[PDB]
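> Can you keep this structure in mind? I'll have questions shortly.
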Amino acid sequence: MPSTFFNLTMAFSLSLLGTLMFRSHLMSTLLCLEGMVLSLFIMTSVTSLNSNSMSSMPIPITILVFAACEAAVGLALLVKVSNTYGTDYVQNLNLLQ
Amino acid sequence: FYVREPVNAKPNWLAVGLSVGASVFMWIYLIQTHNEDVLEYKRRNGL
Amino acid sequence: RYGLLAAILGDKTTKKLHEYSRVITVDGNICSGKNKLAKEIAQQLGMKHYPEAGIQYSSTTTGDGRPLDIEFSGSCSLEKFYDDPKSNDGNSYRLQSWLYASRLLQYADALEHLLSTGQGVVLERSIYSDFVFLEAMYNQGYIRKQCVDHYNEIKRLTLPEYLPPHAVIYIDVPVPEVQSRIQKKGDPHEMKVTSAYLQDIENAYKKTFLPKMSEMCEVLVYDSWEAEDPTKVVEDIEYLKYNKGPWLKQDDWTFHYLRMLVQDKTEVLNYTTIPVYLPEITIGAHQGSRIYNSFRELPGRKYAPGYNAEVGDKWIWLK
Amino acid sequence: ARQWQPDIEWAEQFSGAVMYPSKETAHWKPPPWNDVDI
Amino acid sequence: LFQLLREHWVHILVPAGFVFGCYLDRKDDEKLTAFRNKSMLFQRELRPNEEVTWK
Amino acid sequence: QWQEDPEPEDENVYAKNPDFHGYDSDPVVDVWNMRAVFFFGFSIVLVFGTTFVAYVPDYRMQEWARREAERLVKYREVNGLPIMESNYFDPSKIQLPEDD
Amino acid sequence: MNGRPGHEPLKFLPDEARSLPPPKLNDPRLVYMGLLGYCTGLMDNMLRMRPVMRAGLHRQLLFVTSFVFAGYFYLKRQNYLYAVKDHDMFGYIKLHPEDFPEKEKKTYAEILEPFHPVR
Amino acid sequence: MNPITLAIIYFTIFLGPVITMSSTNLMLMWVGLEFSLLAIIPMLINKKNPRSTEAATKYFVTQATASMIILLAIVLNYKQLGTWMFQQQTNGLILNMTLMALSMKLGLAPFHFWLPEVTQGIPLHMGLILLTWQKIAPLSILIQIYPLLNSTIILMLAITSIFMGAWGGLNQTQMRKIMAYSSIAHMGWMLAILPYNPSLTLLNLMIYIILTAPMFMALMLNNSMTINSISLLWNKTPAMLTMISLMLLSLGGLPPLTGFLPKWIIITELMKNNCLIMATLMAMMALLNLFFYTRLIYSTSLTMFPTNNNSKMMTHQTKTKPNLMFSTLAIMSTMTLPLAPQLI
Amino acid sequence: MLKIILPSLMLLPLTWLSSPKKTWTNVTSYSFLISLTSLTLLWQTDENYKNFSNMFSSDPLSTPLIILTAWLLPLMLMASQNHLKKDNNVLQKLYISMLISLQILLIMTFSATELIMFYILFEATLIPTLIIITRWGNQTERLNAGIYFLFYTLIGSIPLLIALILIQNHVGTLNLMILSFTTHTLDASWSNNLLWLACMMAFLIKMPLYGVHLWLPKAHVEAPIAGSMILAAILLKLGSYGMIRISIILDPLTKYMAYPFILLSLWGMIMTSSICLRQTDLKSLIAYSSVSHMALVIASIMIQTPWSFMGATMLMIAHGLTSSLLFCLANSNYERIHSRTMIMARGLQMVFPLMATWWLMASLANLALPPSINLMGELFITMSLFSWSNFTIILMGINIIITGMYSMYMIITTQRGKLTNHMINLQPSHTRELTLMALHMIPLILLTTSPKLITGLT
Ligand SMILES: CCCCCCCCCCCCCCCCCC(=O)OC[C@H](COP(=O)(O)OCCN)OC(=O)CCCCCCCCCCCCCCCCC
Ligand SMILES: CCCCCCCCCCCCCCCCCC(=O)OC[C@H](COP(=O)(O)OCCN)OC(=O)CCCCCCCCCCCCCCCCC
Ligand SMILES: Nc1ncnc2c1ncn2[C@@H]1O[C@H](COP(=O)(O)OP(=O)(O)O)[C@@H](O)[C@H]1O
C-alpha cells in the first residue's frame, strides 16, 4: 500500500505542477484540476478500505459530489470566457492588470 | 414645500415608538439588572 | 423607498404596462413644431408630457422648484451660446454638457413615472438625439475634438443603462423654413444662427439619429404637413406595433433594478461628473467651493428635504 | 492671497493606472470608468 | 437662569467643566487614601475630635 | 481656461470702522472682543496671576532651607560637630563588600 | 482561555460572574460609550444632512441608550474574563510554588551597584 | 437576480463560512470552504462586463487549486492518524501545505497577486464581501490549528505581506486596488500573531472589518473607484470628508485612533515572545502604508481638487442617505482607543 | 490636573455651540481663565512633586510648560483671527477646535506619568498640527511640508514604541515614578547601545538635531501663524521634555553614547546659526534660529549636569516665548506686505513705531541680553559645556557672535533703513497685533524677575 500511496501522491503533485504551469487553453487546466480530485478520491478510498474504516466511506463520495459542482462552476466560467473572447486562451485574461 | 415632496416630512410615527419605546425597555431592564445584580453579588459573597 | 421588499411583496411594474405605455420622443429640429405635437400627442394618447430639458429644469425638479441663479445652475447660457459662438470661456460646451445632464434627469424621471404609475412618456428631444447639437458644433468651430470625446465618454458611460425610446418621431421642416420660423420668433439670440449650423443639425439626425434608431426603436418620420395635425400623427403611433427593440426582454425582475436606478437621481448622473478634467467643464476649487457653499445655504437646501425649517418644515426634532 | 488650492496640473498626476509610472508602465492607461471595456 | 440663545447656556459650559473637574480631583483623593496617615514622616496620632488627617 | 475666481482684494478695514481694533469687521463685536481680551488677558491674568505666583510660599522649600541651615549651623558649630561632615550615609550602616 | 475546566462552550458570561461586583452604571467607561454613542448619532445626522443636533432627538436617545446598554453587559463580561485570569494565574503560582519562589532582595546597604560618575 | 436565487446564493455564501467555523471534522471544514468558493463566483459576475469574467475565472482557479491542496492535507492526515483532523503528532509538511493553501485563499503574501486583480473589475459591494466575509472562513481553520502551524513559515509570510502590501499601495491609484493592498498588509499582522495570541488575531480582524466596511460604503456612497473620483467628495457629500480622513489614518497605525491598538498589542505580544527582530521590521514598513493613506487624505480632504460643472447638478438631486451602520462603525473605528483594555 | 484639562475639553463644545459672531470671544476669554487655573500647579511648597492621580502628574519640569501650553492657546486664537476670518463659519470653528485640542493633548503629554501615555499623546499632537499646516497652509508646498513633518516624526516614533514596550517587559511598568526609584542600569552591550538610540532618536527628531532638522524649516515656512507658534513654542519642546524623563533609565550609556549627538549639535549650532545670516525669508531665519537655540538644549540634556538641565528648562520656556513673539511679528509684516521676503519692507519703524519696539525687545531676547532668562539659560548651558571640555567655548563662542549678528540683521533690514517706496500701503497696526505681542513679552519680563519657577528638576 505505501508504494501505491506514493504513486497517487506524486500523481497529485504532477497534477499540481500542471495546474500551476498554464499553457494556452484553460480547459486544459480545469481538466488537470480534475486529475487531482481523482487522485484524492482514489487515495481517500484506498486508505479507508485498508483501515476497514467504513464510517468514513461517506467522505470519498462527498469529495466527488462537491468536486463535480466545483467543476460545473469552473466550466460555466470557461463557456462565459469563450463567449466574450471566443478563444479560451488564458492569454487574453489580462484586462485587470 | 417641494415639487418632489420629502419622504420624511411628517414623522414615521412607528420609528418614534420603536426607537423611544425600545430605549425605555432597555433602561428598565438595565437598571433592573444592576440592583438585581448588586443583590446577587452581596448574598453570593458575605454582603 | 421602493425596494425589493416592495417587489417581493408586490409592486411589479409588469402588472402596470398598458398599450400606450411607451417612451415616445419627438426629436424634431430647431424652431420646429416639436413641442406642439408633443403636448398634443400627450393629450390624446393620455401620455405623460415632459417639457424640453432646460438649464433650470433640475432646479424646478428639486426642492422649491423656483428657477436657480445662473451660476448655481452651472452658468450656462443658450443666449450667450448664439451671440458668442467659439467663446473663450466655452459657455457653449458647458451649455451642452448641462443640457445632457438635464435630459438624463428628465429621461430618468420619465422612466420612474413609467414604471411606477404606468402612464406612458413623451419627453420631446432625448439623450439619444442630443448628439446632433454637438456633431453640428464640432462640424463648425463651436467645439474642439476633445470636447467631443468628453461628451461621447459621458454618453457611452450613462446612456446604455437606460432602456431605448419605444418609438421616435421626426417632425422635419427644411433648413431655410426653420430660419424663417426663427425669424418671426421674437428672441434675437435665436435669430442670426448659422444656416450651415442648422444644416449640420438636421443632417446629423438624417445621417445618424434616424437610421441608428431605425433598427432599434419605432422610428416615425413626419413632414411638417403631417405635423400640425396631431390627430393624424397620434393615430399613426396608435398604429405602429411595438415589437422590435430591447424592451422585449424587460421582465419584472429586470425592471426592478432599472427602477431602483432612476429612483436614485444621484446615480443617474454619477458618471456625468466623472473626473475628466477638460478646461470648460472644471468648476475650479475656489469658485466651486463658493458656489457650493452658496447653493447649499439657499432656504430648504441647507438640510435634506423635510428637515430645513426655513421653508416651514416641522417635526425635525423627531424625524 | 489664496491658500493655494490644487490646480488642474496637480490633479493630473493622480490619474493614470499607476501613481509612479515607469518605462513600459505608462503604457497602462486608466481603466474605463464604467468598468466595461470596448 | 440658563437664558438661551447662547446667553447662559454656553457661558456655563466651561465653568461647569471646572467644577466637575474639581469634583473628580477630590474624588481621586478618596481612592488613593491608603497610607492615609500611615506614612512615616507624617504619622501623627489622631488629635481629639478629628476624623482623619487629610481629606 | 479652467473657471476660477479673480483674486479677492484685502479690504482696508480701517476705511469703514475707523476705530477697528483688529478682531472683527462689524464694530460692536470688535469692541466687545477687545474689552474682554485686554481684561481677561492683562487685567486678571498678568495681575491676579502674578499676585498669586508671587505669594506662593517657600516655593520648593528654599525658604525653609535657609533656616534649617541656620539652626544646623547654629547647632553644629556650638556643639563642635563638623558643619558638613564628609560622609552622609553613616559608614557604620554600609556593609562594604568585605573581601574586595 | 479555552480548554480551561468548566468552560461554557457558547455562553456569554457564566453565572460565576455573578460573584464579581456589577459595573457601576456611571463607570467612566460606560459613560464614554454613551458619548461615543451620542457622537455616532450626531455623525449620522451630519452625513445624512440633517440639522446636526436638533434632529432625530428620538434617535439620539436610541444611540446613547443602545451603546450604553451594550456596555454594561459587555463590561460585565470583560470584567469577568479578567477576573478569571487572576483566579487562574494566582492559583498556578501556588499549585506550582517552587517555580515562582519569593526572592529576597538585599537592603541597598548590602547590594553594591557600581557608580558611573558624570563629571 | 430572481430573488430566490439571490437567497440561495447568499445563504450559501453565509453557510459557507459558518459551517467551517462550527465543525471540527476537517472534512466538513473543507466543504464550508468549497461552498464559499461556489457561492461567491455568481455574484462576482453580476455586471457580466468583460473585466468581470476575467476576475471570476482567476478567483476560481486560485481558490480551486488551494481548496484541492487543503483536501490533500486532510487526506494525508487520514493516513498518518486515522483521525480526520490535525493533531500534535501531525507530520510538519502536512501542516505547512495547509498553511500555504489557506494563505492562498486569504491571498496573504506570496499569492498576494490574485487579490488586487480580482478586486478590480468586481462591484464595490461584492468587493467588501470578498475582502471581509470571505476571509473569516480560512482564518477560522488556522485559529483551530494555532499550536500546530510552524512559527518560521508564517513569520516570513507575514513580513512578506507587509512589504508587498505597502509597496503595492504607493503605485496603485485605483481606490479598490488600494483597499486590497491594505488587506494584504492587515492580513500579515493577523497571521504574525497567529501562532502567539489568536485573540489578537481575531481582534486585528474585527478592527480591520470595522475599519474596511465603513471605508468601502464610503467609496461607493459616491461609487468612486478613483482617488480623483473620491477627491471631489467635498462637492458631492462634504460631511463624510471628516470621517473618511480619520478612518484611513486609523487603517494605518497612528496613535490616538482605534487602529493603533491591533498593531500595539501585536507588537507587545511579539516582544513578550521575543520577536523584536521581526516585530521591528513589520512596524517600520507598516509606516509605509500610512504614506499612501495620507496621500489619499491629501487629495480627498486636506486639499480641494477641482470639480466638473455637472457636479452642481448632482448636488441638486437629494443625496442617498448612507447606511445606519456606516455611522456607528465609523465612530466605533477611530474613537475606541480609551476602551482598549476591554477589547483585548 | 483635570481642571487644566476638563475645562479645556469643554472649550470644544463652546466653539461649536456658540454664535458664529461670538465664537471668538467666548473661546479666547475662557482659555485666558483656563490659564489662570493652570497657575495653581505652581504652588509647590515642598520638594515632593505633585502626583495628582495615577495617570496624571506634574513635577517641576512639566509645570512650567503646562502653563505655557495653556497660555498660548489664548494667544494662538488671537493671532489667527485675521487670516481665518475669511472662512465659512465652520472652517473657523474647526481651526479653533484644532488649536484647543493641541493644548488639551499637549497639557496631558507634559502632565503624563506613564511614558507610553506620553507616546500615544506625543504622536497624536501630529494629527492636529498636520491639519493646521496642510489644510490652511498658504503656499503650494504645504502638502510636501506636511509629509516631511509626519514621516520624520513617525519613523522616529515606531522605534520608541518598540523600546518602551521593551523596558516594560525588562522592568515591568512604564510609570515614570517607579522607573526612577527602581534599578534600571543598562549594560553597555551593543544592543543597549541601540536601545538608548531608539529611545532618544524619536525625541531628538522633533527637537531638530543638526542631522534631521530639515523638517522644521520647511514646516514653519508654509504653516499658518498659529501652527508656527505651536511648533516653535510647545511642539519642539515635547522632544526635550521626553529626553529629560526617558534618560532616567539608560543611565550608564549616555556617558559615552552622547558624543555623536553633542558634536552634531554644537557644530550644528554654528552652521544653523550662520545660514540664518543670509536667508531671504524671515520665517526661514527664525526657524533656523530655533534649530540653533534648540541645538544648545540637546547638548545640555546630554551632558546631564544639574546646571545643564536647569539651563535647558530656562532656555526652553524662554526661547518658546521669544520665538513665537518673532513668528507672530513676522506674520504681521507678512499680512500687510503679502511676501515673506526680508529685503522688501525696509524702514517699518518709520511707519509702525511701536511694533518696532516689540521687534527690538524680541531680538534682544533672541540674542543674550543679560537681565533676561534667555541669557541665564545660555550662560548655564555654556558653563556646563565648558566643564565637559574647556574647548566647547570655542564652538559655543562662534554661535554667540553669529547669534548677535542675525538677530540684529532682522531688526536692521526689516525695521530700519529707508522706507519701501510704495508697497501696498501698510495699514496701521491693529490693537490685536500689538497685544498678541504684549501678551508674549509681558510674561517674559515677569518670569525674568523670579527665574526660580522655570528652574528645572535639577
Ligand atoms: C486626538 C485628537 C485628534 C485630532 C482631533 C481633531 C482633528 C480631527 C481630524 C480632522 C480631519 C479632517 C480635517 C479637515 C476636515 C474638513 C471638513 C470640512 O471642510 O467641513 C465641511 C464638513 C461638512 O459641512 P457641514 O457640517 O455639512 O456644514 C457645512 C457645509 N459646507 O463639516 C466638517 O467636516 C467640520 C465638522 C466635522 C465634525 C466636527 C469635528 C470637529 C473636530 C473635533 C475634534 C475633537 C478633538 C478631541 C481631542 C481629544 C484629545 C484627547
Ligand atoms: C510660569 C511658567 C512659565 C509660564 C509662561 C507664561 C505664563 C503666562 C501666564 C502667567 C503670567 C504670570 C506668571 C508668571 C510671572 C510670575 C512673576 C513672578 O513670579 O514675580 C515674582 C516676584 C517676587 O520675587 P521673588 O523671586 O519671589 O523673590 C526672590 C527672592 N530671592 O514678584 C514681583 O516682583 C512682581 C514684579 C512685577 C514687575 C516686575 C518687572 C521687573 C522687570 C525686571 C527685568 C527688566 C529687564 C528685563 C529685560 C528682558 C529682555 C527681554
Ligand atoms: N444642445 C442644444 N444645442 C442648441 N440649441 C439647443 C440645445 N438644446 C436646446 N436648444 C434650444 O431649444 C430650442 C427649442 O426650440 P423650440 O421650442 O422647438 O422652438 P423655439 O426655437 O421657437 O424655442 C431650440 O431653438 C434650441 O435653440
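Residue numbers start at 1 in each chain; chains themselves are named A, B, ... in the order of the C-alpha cells; ligands are numbered from 1 in the order shown.
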Give one line per residue of chain C that approaches ligand 3 to at most 7 Å, naming the two atoms of the closest pair and their distance in Å to one decimal, counting only C-alpha atoms and all ligand atoms; sort by chain then ascending residue number and deliver it as JSON lines.


```
{"residue": "C:29", "atom": "CA", "partner": "ligand 3", "partner_atom_place_in_ligand_line": "18 (O)", "distance": 6.7}
{"residue": "C:30", "atom": "CA", "partner": "ligand 3", "partner_atom_place_in_ligand_line": "25 (O)", "distance": 4.3}
{"residue": "C:31", "atom": "CA", "partner": "ligand 3", "partner_atom_place_in_ligand_line": "21 (O)", "distance": 3.3}
{"residue": "C:32", "atom": "CA", "partner": "ligand 3", "partner_atom_place_in_ligand_line": "18 (O)", "distance": 4.8}
{"residue": "C:33", "atom": "CA", "partner": "ligand 3", "partner_atom_place_in_ligand_line": "18 (O)", "distance": 5.7}
{"residue": "C:34", "atom": "CA", "partner": "ligand 3", "partner_atom_place_in_ligand_line": "18 (O)", "distance": 5.2}
{"residue": "C:35", "atom": "CA", "partner": "ligand 3", "partner_atom_place_in_ligand_line": "18 (O)", "distance": 5.7}
{"residue": "C:78", "atom": "CA", "partner": "ligand 3", "partner_atom_place_in_ligand_line": "5 (N)", "distance": 6.6}
{"residue": "C:96", "atom": "CA", "partner": "ligand 3", "partner_atom_place_in_ligand_line": "1 (N)", "distance": 4.9}
{"residue": "C:99", "atom": "CA", "partner": "ligand 3", "partner_atom_place_in_ligand_line": "1 (N)", "distance": 6.1}
{"residue": "C:130", "atom": "CA", "partner": "ligand 3", "partner_atom_place_in_ligand_line": "1 (N)", "distance": 6.0}
{"residue": "C:133", "atom": "CA", "partner": "ligand 3", "partner_atom_place_in_ligand_line": "3 (N)", "distance": 4.7}
{"residue": "C:134", "atom": "CA", "partner": "ligand 3", "partner_atom_place_in_ligand_line": "1 (N)", "distance": 6.8}
{"residue": "C:182", "atom": "CA", "partner": "ligand 3", "partner_atom_place_in_ligand_line": "22 (O)", "distance": 6.4}
{"residue": "C:185", "atom": "CA", "partner": "ligand 3", "partner_atom_place_in_ligand_line": "22 (O)", "distance": 5.8}
{"residue": "C:190", "atom": "CA", "partner": "ligand 3", "partner_atom_place_in_ligand_line": "27 (O)", "distance": 6.3}
```

> Going by DSSP on the backbone, which residues of region 3-33 of chain D come out as alpha helix (DSSP H)? List them as a list in words.

residues 8, 9, 10, 11, 12 and 13 of chain D

> Could those residues be written to a file, using C-alpha atoms, as a compact mmCIF listing (two decimals), in the first residue's frame?


```txt
# COMPACT_ATOMS: atom_id res chain seq x y z
CA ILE D 8 -5.56 71.01 -12.75
CA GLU D 9 -1.93 70.00 -13.12
CA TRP D 10 -1.51 68.93 -9.50
CA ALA D 11 -4.63 66.82 -10.07
CA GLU D 12 -3.30 65.29 -13.32
CA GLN D 13 -0.65 63.14 -11.67
```

> Could the residues that lie within 6 Å of ligand 2, counting only C-alpha atoms and all ligand atoms, be listed as a PDB file with C-alpha atoms, in the first residue's frame?


```pdb
ATOM      1  CA  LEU F  46      -0.925  89.170  34.375  1.00  0.00           C
ATOM      2  CA  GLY F  49      -1.721  85.598  38.338  1.00  0.00           C
ATOM      3  CA  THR F  50       1.480  87.433  39.237  1.00  0.00           C
ATOM      4  CA  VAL F  53       2.560  83.357  41.892  1.00  0.00           C
ATOM      5  CA  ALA F  54       4.442  85.981  43.942  1.00  0.00           C
TER       6      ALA F  54
ATOM      7  CA  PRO I  64       6.488  75.419  33.722  1.00  0.00           C
ATOM      8  CA  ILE I  67       1.183  76.824  31.997  1.00  0.00           C
ATOM      9  CA  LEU I  68       2.858  77.915  28.704  1.00  0.00           C
ATOM     10  CA  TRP I  71      -1.169  80.401  27.832  1.00  0.00           C
ATOM     11  CA  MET I 361      12.797  93.591  22.587  1.00  0.00           C
ATOM     12  CA  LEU I 364      17.302  91.368  22.409  1.00  0.00           C
ATOM     13  CA  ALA I 365      15.546  88.276  23.882  1.00  0.00           C
ATOM     14  CA  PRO I 371      18.684  90.768  32.584  1.00  0.00           C
ATOM     15  CA  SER I 372      16.706  88.138  30.611  1.00  0.00           C
ATOM     16  CA  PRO I 443       5.261  87.291  30.720  1.00  0.00           C
ATOM     17  CA  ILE I 445       9.524  90.402  31.689  1.00  0.00           C
ATOM     18  CA  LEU I 446       7.647  88.886  34.696  1.00  0.00           C
ATOM     19  CA  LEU I 447       9.399  85.465  34.539  1.00  0.00           C
ATOM     20  CA  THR I 448      12.834  87.189  34.362  1.00  0.00           C
ATOM     21  CA  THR I 449      12.050  88.824  37.757  1.00  0.00           C
ATOM     22  CA  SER I 450      11.819  85.405  39.509  1.00  0.00           C
ATOM     23  CA  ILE I 454      11.153  77.704  35.413  1.00  0.00           C
TER      24      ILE I 454
END
```

> Each residue of chain C lying at most 8 Å from chain B should get a row with its shortest atom-to-atom pair and the distance in Å to one decimal, counting only C-alpha atoms; could you produce that, ordered by chain and increasing number, as a Markdown table?


```
| residue | atom | partner | partner_atom | distance |
| --- | --- | --- | --- | --- |
| C:60 | CA | B:3 | CA | 7.2 |
| C:61 | CA | B:3 | CA | 6.4 |
| C:62 | CA | B:4 | CA | 6.5 |
| C:63 | CA | B:2 | CA | 4.3 |
| C:64 | CA | B:2 | CA | 4.6 |
| C:65 | CA | B:3 | CA | 5.9 |
| C:305 | CA | B:6 | CA | 5.1 |
| C:306 | CA | B:9 | CA | 4.5 |
| C:307 | CA | B:9 | CA | 7.5 |
| C:311 | CA | B:1 | CA | 6.7 |
| C:312 | CA | B:1 | CA | 7.6 |
| C:313 | CA | B:9 | CA | 7.0 |
| C:314 | CA | B:9 | CA | 7.4 |
| C:315 | CA | B:11 | CA | 6.7 |
| C:318 | CA | B:11 | CA | 6.7 |
| C:319 | CA | B:11 | CA | 5.1 |
```

> Can you write just those residues out, N, CA and C atoms, as a short mmCIF file (atom, residue, chain, number, x, y, z; two decimals), in the first residue's frame?


```cif
data_model
loop_
_atom_site.label_atom_id
_atom_site.label_comp_id
_atom_site.auth_asym_id
_atom_site.auth_seq_id
_atom_site.Cartn_x
_atom_site.Cartn_y
_atom_site.Cartn_z
N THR C 60 -36.13 73.07 -11.04
CA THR C 60 -37.62 73.03 -11.00
C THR C 60 -37.84 71.62 -10.45
N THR C 61 -37.06 70.65 -10.93
CA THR C 61 -37.17 69.25 -10.41
C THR C 61 -36.97 69.17 -8.87
N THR C 62 -35.88 69.78 -8.38
CA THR C 62 -35.56 69.70 -6.93
C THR C 62 -36.06 70.77 -5.96
N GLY C 63 -36.51 70.36 -4.77
CA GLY C 63 -36.91 71.32 -3.72
C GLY C 63 -38.00 72.31 -4.08
N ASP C 64 -37.75 73.61 -3.86
CA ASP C 64 -38.79 74.64 -4.09
C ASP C 64 -39.28 74.62 -5.55
N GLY C 65 -38.34 74.47 -6.49
CA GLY C 65 -38.71 74.47 -7.91
C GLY C 65 -38.63 75.86 -8.51
N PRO C 305 -34.43 67.52 2.28
CA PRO C 305 -35.86 67.80 2.22
C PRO C 305 -36.55 67.32 3.46
N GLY C 306 -37.39 68.14 4.07
CA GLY C 306 -38.15 67.72 5.22
C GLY C 306 -37.52 68.20 6.50
N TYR C 307 -36.26 68.60 6.44
CA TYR C 307 -35.57 68.99 7.66
C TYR C 307 -35.16 70.45 7.77
N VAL C 311 -38.25 76.93 5.12
CA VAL C 311 -39.40 76.89 4.25
C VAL C 311 -40.68 76.45 4.97
N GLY C 312 -40.55 76.22 6.26
CA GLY C 312 -41.69 75.76 7.03
C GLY C 312 -41.79 74.30 7.39
N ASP C 313 -40.68 73.58 7.32
CA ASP C 313 -40.68 72.19 7.72
C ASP C 313 -40.77 72.11 9.23
N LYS C 314 -41.51 71.13 9.73
CA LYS C 314 -41.66 70.98 11.17
C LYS C 314 -41.49 69.52 11.58
N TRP C 315 -41.38 69.26 12.88
CA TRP C 315 -41.20 67.90 13.40
C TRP C 315 -39.77 67.42 13.27
N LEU C 318 -38.01 65.06 15.83
CA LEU C 318 -38.38 63.65 15.97
C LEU C 318 -38.16 62.88 14.68
N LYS C 319 -37.92 63.58 13.57
CA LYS C 319 -37.78 62.90 12.28
C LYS C 319 -36.85 61.68 12.29
#
```

> Would you kindly return, as a list in words, each protein, DNA or RNA residue with an atom no farther than 7 Å from any atom of region 17-25 of chain D, considering only C-alpha atoms and excluding same-chain residues fewer than 6 positions away?

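The residues satisfying every condition are residues 31 of chain D; 171, 172, 173 and 174 of chain H.
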
> Take the residues from that selection and write them out as a PDB file, in the first residue's frame, keeping N, CA and C atoms.


```pdb
ATOM      1  N   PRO D  31      -8.194  52.431 -16.281  1.00  0.00           N
ATOM      2  CA  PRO D  31      -9.327  51.570 -16.637  1.00  0.00           C
ATOM      3  C   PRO D  31     -10.611  52.361 -16.876  1.00  0.00           C
TER       4      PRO D  31
ATOM      5  N   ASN H 171       2.118  52.758  -5.533  1.00  0.00           N
ATOM      6  CA  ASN H 171       1.930  52.868  -7.005  1.00  0.00           C
ATOM      7  C   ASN H 171       0.454  52.893  -7.407  1.00  0.00           C
ATOM      8  N   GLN H 172      -0.384  52.098  -6.740  1.00  0.00           N
ATOM      9  CA  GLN H 172      -1.803  51.986  -7.175  1.00  0.00           C
ATOM     10  C   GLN H 172      -2.513  53.301  -6.860  1.00  0.00           C
ATOM     11  N   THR H 173      -3.364  53.772  -7.774  1.00  0.00           N
ATOM     12  CA  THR H 173      -4.187  54.984  -7.511  1.00  0.00           C
ATOM     13  C   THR H 173      -5.637  54.509  -7.622  1.00  0.00           C
ATOM     14  N   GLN H 174      -5.829  53.297  -8.152  1.00  0.00           N
ATOM     15  CA  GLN H 174      -7.195  52.722  -8.250  1.00  0.00           C
ATOM     16  C   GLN H 174      -7.668  52.457  -6.821  1.00  0.00           C
TER      17      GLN H 174
END
```

> List every residue of chain H that has an atom at most 10 Å from any atom of ligand 1, giving for each one its closest atom pair and the distance in Å to one decimal, counting only C-alpha atoms and all ligand atoms, sorted by chain and then by ascending residue number, as CSV.


```
residue,atom,partner,partner_atom_place_in_ligand_line,distance
H:234,CA,ligand 1,19 (O),7.2
H:235,CA,ligand 1,31 (N),8.7
H:237,CA,ligand 1,23 (C),7.7
H:238,CA,ligand 1,23 (C),4.4
H:239,CA,ligand 1,23 (C),3.8
H:240,CA,ligand 1,34 (O),7.3
H:241,CA,ligand 1,17 (C),6.0
H:242,CA,ligand 1,12 (C),4.3
H:243,CA,ligand 1,11 (C),7.0
H:244,CA,ligand 1,12 (C),8.2
H:245,CA,ligand 1,11 (C),5.2
H:246,CA,ligand 1,11 (C),6.0
H:247,CA,ligand 1,11 (C),9.6
H:249,CA,ligand 1,11 (C),9.4
H:255,CA,ligand 1,1 (C),8.6
H:256,CA,ligand 1,1 (C),5.2
H:257,CA,ligand 1,1 (C),7.3
H:297,CA,ligand 1,12 (C),8.6
H:298,CA,ligand 1,14 (C),9.7
H:300,CA,ligand 1,14 (C),9.4
H:301,CA,ligand 1,14 (C),5.6
H:302,CA,ligand 1,14 (C),5.7
H:303,CA,ligand 1,14 (C),8.8
H:304,CA,ligand 1,19 (O),9.1
H:334,CA,ligand 1,3 (C),9.5
H:335,CA,ligand 1,1 (C),8.9
H:338,CA,ligand 1,51 (C),9.4
```

> At a cut-off of 8 Å, can you tabulate as a tab-separated table every residue of chain G near chain H together with its closest atom pair and the distance in Å to one decimal, using only C-alpha atoms and ordering rows by chain then number?


```
residue	atom	partner	partner_atom	distance
G:29	CA	H:339	CA	7.0
G:36	CA	H:331	CA	6.8
G:37	CA	H:328	CA	7.7
G:39	CA	H:331	CA	7.2
G:40	CA	H:328	CA	5.2
G:41	CA	H:327	CA	7.4
G:43	CA	H:327	CA	6.3
G:44	CA	H:327	CA	5.2
G:46	CA	H:239	CA	6.2
G:47	CA	H:239	CA	5.3
G:48	CA	H:321	CA	5.2
G:49	CA	H:239	CA	8.0
G:75	CA	H:342	CA	7.0
G:78	CA	H:342	CA	5.6
G:79	CA	H:342	CA	7.7
```

> May I have the residues from that selection written out with N, CA and C atoms, as a short mmCIF file (atom, residue, chain, number, x, y, z; two decimals), in the first residue's frame?


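Done, and the output landed in part_25.cif:
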```
data_model
loop_
_atom_site.label_atom_id
_atom_site.label_comp_id
_atom_site.auth_asym_id
_atom_site.auth_seq_id
_atom_site.Cartn_x
_atom_site.Cartn_y
_atom_site.Cartn_z
N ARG G 29 -16.16 54.29 31.80
CA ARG G 29 -16.21 53.61 30.51
C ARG G 29 -17.60 53.61 29.91
N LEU G 36 -19.60 58.11 23.09
CA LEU G 36 -19.22 57.50 21.83
C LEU G 36 -20.50 57.39 21.04
N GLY G 37 -21.56 56.96 21.70
CA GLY G 37 -22.84 56.84 21.05
C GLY G 37 -23.46 58.14 20.59
N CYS G 39 -22.14 60.66 19.74
CA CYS G 39 -21.43 61.14 18.58
C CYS G 39 -21.84 60.37 17.34
N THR G 40 -22.04 59.07 17.47
CA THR G 40 -22.49 58.29 16.34
C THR G 40 -23.74 58.90 15.84
N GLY G 41 -24.66 59.17 16.75
CA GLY G 41 -25.91 59.79 16.37
C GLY G 41 -25.69 61.11 15.67
N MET G 43 -23.16 62.14 14.22
CA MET G 43 -22.46 61.97 12.97
C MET G 43 -23.46 61.58 11.92
N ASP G 44 -24.34 60.66 12.26
CA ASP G 44 -25.30 60.20 11.30
C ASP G 44 -26.06 61.39 10.78
N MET G 46 -25.29 64.26 10.51
CA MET G 46 -24.47 65.08 9.64
C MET G 46 -24.31 64.48 8.27
N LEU G 47 -24.00 63.19 8.20
CA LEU G 47 -23.77 62.55 6.91
C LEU G 47 -25.05 62.53 6.10
N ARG G 48 -26.19 62.48 6.77
CA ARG G 48 -27.46 62.50 6.07
C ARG G 48 -27.96 63.92 5.88
N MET G 49 -27.16 64.91 6.22
CA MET G 49 -27.54 66.30 6.02
C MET G 49 -28.79 66.72 6.76
N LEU G 75 -19.01 45.09 29.54
CA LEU G 75 -18.03 45.32 30.57
C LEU G 75 -18.25 44.28 31.63
N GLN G 78 -16.23 41.43 30.20
CA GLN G 78 -14.80 41.62 30.10
C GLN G 78 -14.27 41.66 31.50
N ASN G 79 -15.04 42.19 32.43
CA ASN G 79 -14.61 42.23 33.81
C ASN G 79 -14.43 40.82 34.31
#
```

> For chain I against chain H, which residues fall within 9 Å using only C-alpha atoms, given as a PyMOL selection string?

chain I and resi 119-125+127+131+134-136+143+147+150-151+154-155+158-159+161-162+165-166+169

> Show me, as a list in words, the residues that have an atom within 9 Å of residue 118 (chain G) when counting only C-alpha atoms, minus same-chain residues fewer than 4 positions from it.

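Close residues of residue 118 (chain G): residues 255, 303, 304 and 305 of chain I.
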